[PDB]
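Under UniProt numbering, the first residue of the sequence shown is numbered 18, with each subsequent residue one higher.
Working notes, beginning with the structure itself.
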Amino acid sequence: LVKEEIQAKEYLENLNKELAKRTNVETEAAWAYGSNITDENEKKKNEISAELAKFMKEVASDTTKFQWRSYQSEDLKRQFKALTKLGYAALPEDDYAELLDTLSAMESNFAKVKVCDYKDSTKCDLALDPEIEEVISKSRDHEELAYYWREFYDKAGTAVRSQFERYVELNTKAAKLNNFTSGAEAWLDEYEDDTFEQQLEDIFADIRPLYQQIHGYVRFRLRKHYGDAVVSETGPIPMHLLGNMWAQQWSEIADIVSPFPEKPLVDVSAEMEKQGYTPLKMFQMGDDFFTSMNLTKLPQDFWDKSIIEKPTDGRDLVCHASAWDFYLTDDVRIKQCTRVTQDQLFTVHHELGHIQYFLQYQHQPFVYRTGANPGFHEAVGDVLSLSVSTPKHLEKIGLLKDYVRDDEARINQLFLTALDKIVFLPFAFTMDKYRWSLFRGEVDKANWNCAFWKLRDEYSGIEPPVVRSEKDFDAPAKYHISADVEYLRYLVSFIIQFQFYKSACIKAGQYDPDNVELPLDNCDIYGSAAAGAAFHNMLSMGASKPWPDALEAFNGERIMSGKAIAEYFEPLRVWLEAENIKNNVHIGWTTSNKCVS
Ligand SMILES: *[C@@H]1O[C@H](CO)[C@@H](O)[C@H](O)[C@H]1NC(C)=O
Ligand SMILES: *[C@@H]1O[C@H](CO)[C@@H](O)[C@H](O)[C@H]1NC(C)=O
Ligand SMILES: [Zn+2]
């Protein structure tokens, strides 16, 4: 049994190596398909996934040869337990193949959406990225906005209802084969905490009043721009006016809702273009931020194999930005259809945070080469982006000029940041609240579409521009819903990234709550080896320990907390509460009239 444990340790070392080797090729096939959507690439991706699922079944069976619950090493026991968890690979081979086909159909559908131009309906080659996203972000023609909203949701959402239904069924079947009640419990398993969902309810409830104030002010300002017939005083905000196809962040309309329109609003896109920025330069700058913190420089494979601008050959691909670990040493890549904008610069850092994480844990055994939890993975790059976005940093790198950081400019900047960070929280929560409700069998198929919009109303106080019904199916028009990517990770990320940022800022000498010269919202951790060390300590652990141990390695904390994010926006909360009372701004909303059961 001491002998058996020694044998089990060698068995796991070899198994992890083999899993990394096989997953490398699965990842190559997935990369090929995602960068070039073809029936041939789809078939190879799905065959290799099927072969790997069959291997995982064998692995799970082989683990029963070892009396691993009697072993001394908690590490070995953790590895064995992770290797017993089959997920979708628990499905019978025919069901697994059908699930893969279903997922590919939805992903292909999303990637291939083309719409007709509003001004000339004979031009029908407008894609989400970049053409439709450009219109939704920049047009202030409410009819044009509503047209693109409808065309996109009809094609990206409604077209895949039947595939989505079958996916829900197979996801549920898989979950029950793994002894989870549903796919909701399967997803929640990744956080290794039986109170995790309630913890999020509690944090969300604390931040919700600030969201209500932001919502009310934005509606007030939208109504002043568009008039009562377009934006009602008391109803949910028509979502097509919020600058984003899913209304998940509202910073693209900052020029119609900024607190002080006479005072500066940071948008460095023009200066980036004036200075001849390219996607390459943007990625080089991100790399430089990480190396400035004494973290790992991007390896040669990254530069040689990444795709950092949209192809011009007219093939179909998934343009949704992503970061890829190929499970060797130093083979890590990003695929991004990069444009030279402030928003895209943040996305670059977001994706490079994933890459940094891959590099930091690449010597862990294969089973531990992943995030402490899914939210940790999403948070890394956003911590850097918070620094990148500060007037302090943008002035230093020459992208922001003639900027006086007076009280009004500060409110503009905090408000802009809140349009990205606070507004996203109810959005992110609803993406999984909706799917969990379907996974759990709590909504009859007859009510699936209005269940989606009811949640979007309840939590975000937004609604479609036009009346929808159960003849539409709108949820899959969000990438992650069509792609079967869990979304709670982003809610978790948006909370914990402020915990990481606050701690890194203190370690860098960039934040002191008692010093007016060092406010949290102007902290730049660029150049801080001390902040980098904290990242190294956490990120190098991968998934070797439960996430509270990874957090503790960073800053001694073990608890997920909304204190930091509230602290960041406290100056905005004070101003905004006073401003809404001053202007008699209506808070809250009536139930939406936009979904017919
Ligand atoms: C796209 O993939 C197909 C194989 O499915 C291939 O014939 C074609 O050359 C590929 N294009 C690129 C740019 O890789
Ligand atoms: C920087 O990182 C290297 C590599 O991890 C480490 O050995 C060294 O201690 C760090 N240097 C500083 C100044 O923190
Ligand atoms: Zn991400």
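We put the CB at the ideal spot given by N, CA and C, even for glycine.
{"Item": "Proximal residues to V484 (C-beta, below 8 Å), its chain only, five neighbours per side dropped", "Value": "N610, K611, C612 and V613"}
{"Item": "Short Cβ contact (8 Å threshold) for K94 with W85", "Value": "yes"}
{"Item": "Three-pair Cβ contact test at 8 Å for the segment 457 to 472 versus the segment 222 to 238", "Value": "no"}
{"Item": "Extent of the continuous alpha helix (DSSP H) to which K280 belongs", "Value": "From DSSP, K280 is part of no alpha helix (DSSP H); its letter is neither H nor E."}
{"Item": "Beta carbon of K524 nearer than 8 Å to that of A547", "Value": "yes"}
{"Item": "6 Å Cβ shell around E574 - same chain, five flanking residues per side excluded", "Value": "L568"}
{"Item": "DSSP three-state assignment for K327, whether helix, strand or coil", "Value": "coil"}
{"Item": "Check: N63 C-beta below 7 Å from any heavy atom of ligand 1", "Value": "no"}
{"Item": "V235 beta carbon less than 8 Å from that of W267", "Value": "yes"}
{"Item": "Close-in-space but distant-in-sequence residues of the same chain around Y243 (CB under 7 Å, 5 per side omitted)", "Value": "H159 and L258"}
{"Item": "Beta strand (DSSP E) segments (min. 3 residues) lying fully within the segment 346 to 380", "Value": "349 to 352"}
{"Item": "Ligand 3 heavy atom lying under 7 Å from the CB of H371", "Value": "yes"}
{"Item": "CA nearest to the CA of residue 657, picked from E475, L417 and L436", "Value": "Any answer about residue 657 is impossible in this case: the structure gives the chain only from 18 up to 614."}
{"Item": "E596 CB to nearest heavy atom of ligand 3 below 7 Å", "Value": "no"}
{"Item": "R178 - DSSP class collapsed to helix/strand/coil", "Value": "helix"}
{"Item": "Minimum C-alpha distance to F277 - residue among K409, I428, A203 and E43", "Value": "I428"}
{"Item": "8 Å Cβ shell around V460 - same chain, five flanking residues per side excluded", "Value": "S454 and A468"}
{"Item": "For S486: DSSP bridge partner residues", "Value": "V613"}
{"Item": "Entirely enclosed alpha helix (DSSP H) segments - the segment 125 to 179, minimum 4 residues", "Value": "150 to 155 and 159 to 173"}
{"Item": "Counterpart residues of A581 in DSSP-defined beta bridges", "Value": "Note: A581 sits in no beta bridge, so no partner."}
{"Item": "Inter-residue spacing [alpha-carbon to alpha-carbon] between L297 and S52", "Value": "18 Å"}
{"Item": "Proximity to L442 [Cα-Cα], best of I479, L508, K488 and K60", "Value": "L508"}
{"Item": "Limits of the unbroken beta strand (DSSP E) element including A340", "Value": "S339 to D342"}
{"Item": "Cut-off 7 Å between Cβ atoms - residues of its own chain near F375, not counting five sequence neighbours on either side", "Value": "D342 and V349"}
{"Item": "Check whether residue 10 and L194 have beta carbons under 8 Å apart", "Value": "An answer regarding residue 10 cannot be provided, because it is not within the stretch 18 to 614 covered by the chain."}
{"Item": "Residue nearest to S404 in terms of C-alpha spacing, selected from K438, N539 and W606", "Value": "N539"}
{"Item": "Neighbour-count burial assignment, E150, 16 or more Cβ in a 10 Å radius", "Value": "buried"}
{"Item": "Own chain residues within Cβ distance below 7 Å of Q96, not counting five before or after", "Value": "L29, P382 and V384"}
{"Item": "Buried/exposed call for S477, threshold 16 Cβ in 10 Å", "Value": "buried"}
{"Item": "Endpoints, alpha helix (DSSP H) assigned at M558", "Value": "Element bounds for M558: n/a, residue is neither H nor E."}
{"Item": "Per-residue DSSP class, three states only, for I604", "Value": "coil"}
{"Item": "8 Å Cβ cutoff, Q430 in contact with chain B", "Value": "The chain labelled as chain B is not found in the depicted structure, where only one protein chain is given."}
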